[PDB]
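*Asks:* This is the structure, below, for whatever I ask next.
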Amino acid sequence: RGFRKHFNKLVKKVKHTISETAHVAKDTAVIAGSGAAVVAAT
């Protein structure tokens, strides 16, 4: 019954850290390779 409640709070930031870092493999074709690259293309 540890005070992991305040730890989970940090984890909330961690989950985003994990995402923001490796989520580029997905987000890459969300706007970059699906908008920004197009507008710059034609």
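Residue numbers (PDB author numbering): 1 to 42. Where is the CB? At the ideal position from N, CA and C, for every residue including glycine.
Can you tell me where the alpha helix (DSSP H) with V11 in it begins and where it stops?
*Replies:* Per DSSP, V11 belongs to the alpha helix (DSSP H) from 4–22.
*Asks:* What number of angstroms, rounded off, separates the C-alpha of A22 from the C-alpha of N8?
*Replies:* 21 Å
*Asks:* Have a look at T42 and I31 and give me their C-alpha separation to the nearest angstrom.
*Replies:* Roughly 15 Å between the two C-alpha positions.
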